[PDB]
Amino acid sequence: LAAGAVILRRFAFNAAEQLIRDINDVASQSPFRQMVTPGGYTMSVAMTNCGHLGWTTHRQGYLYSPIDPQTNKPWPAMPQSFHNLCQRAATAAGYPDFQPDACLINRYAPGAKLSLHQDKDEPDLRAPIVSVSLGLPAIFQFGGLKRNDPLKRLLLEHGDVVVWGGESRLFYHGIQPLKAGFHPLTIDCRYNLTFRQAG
């Protein structure tokens, strides 16, 4: 893809149904909820987290917390399937020492999007981002360091894993409004798992 970035198409295919079963298990303790941005806007993407640290929104800005702001209980632990798939994808991408402590689980309903942003809430930029696509296909935008920087448009389908780090660690990215459709394992949505070293 780019410098320090690669797309491992259909990498998570074999682990997919186990990952989805574990998403439901995580969601049973920490439900999927549409977070409100520090500006006051409800996001179209429904989110939840697992592992030690979880990505959330607050009035001060975006941050990581070991506590779920909705349940007021800690986020569920990182499932074995998640940890194993992430490790294998990381090593295959050229980052063998990747040790995630956070997994952001994103649910995209038809028409849901995630506008162009940078993953800049993590202090250690040496650690990559491992992103797993499950279910309905979506067009992933991948740009550069600036907002006006040219965007590459890639389709991400069920089982595709994108890993970006190194030079591409702070590159702008996002998902375009999800096209309506169906998938045998996720029914009417697209699930995405983003593994990060947050601490």
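When you see a residue number, it is the position in the sequence shown, counting from 1. In this text, the rigid core denotes the largest set of C-alpha atoms whose superposition between the two forms falls within 1.5 Å.
C-alpha RMS from this form in 4 other deposited structures of this protein, rigid core superposed: larger for 149-157 or 57-65? With the rigid core superposed, the C-alphas that lie farther in 4 other deposited structures of this protein are those of 57-65.
Any chance you could tell me whether 163-171 or 29-37 drifts more in 4 other deposited structures of this protein, judged by RMS CA distance from this form after superposing on the core? Per-stretch check in 4 other deposited structures of this protein: the more divergent one is 163-171.
May I ask you to compare 132-140 and 59-67 by their mean CA B factor in the entry and name the higher one? Looking at the recorded C-alpha B-factors, 59-67 comes out higher on average.
Comparing 145-153 with 27-35, the one whose average Cα B-factor in the PDB entry is higher: Looking at the recorded C-alpha B-factors, 145-153 comes out higher on average.
Checking the record values for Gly40, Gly159, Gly54, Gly174, which has the greatest CA B factor? Comparing C-alpha B-factors across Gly40, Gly159, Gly54, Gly174, the maximum falls on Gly40.
Sorting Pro74, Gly111, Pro123, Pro79 by Cα temperature factor from the record, which one lands on top? Across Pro74, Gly111, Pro123, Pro79, the entry lists the biggest C-alpha B-factor for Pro123.
Sorting the chain's CA B-factors, does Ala16 end up in the lowest, middle or highest third? Lowest third.
Using the B-factors in the PDB entry, rank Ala89's C-alpha atom against the chain and give the third, lowest, middle or highest. According to the entry, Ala89 has a C-alpha B-factor in the chain's middle third.
Please place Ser115 in the lowest, middle or highest third of its chain according to the CA B-factor in the PDB entry. According to the entry, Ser115 has a C-alpha B-factor in the chain's lowest third.
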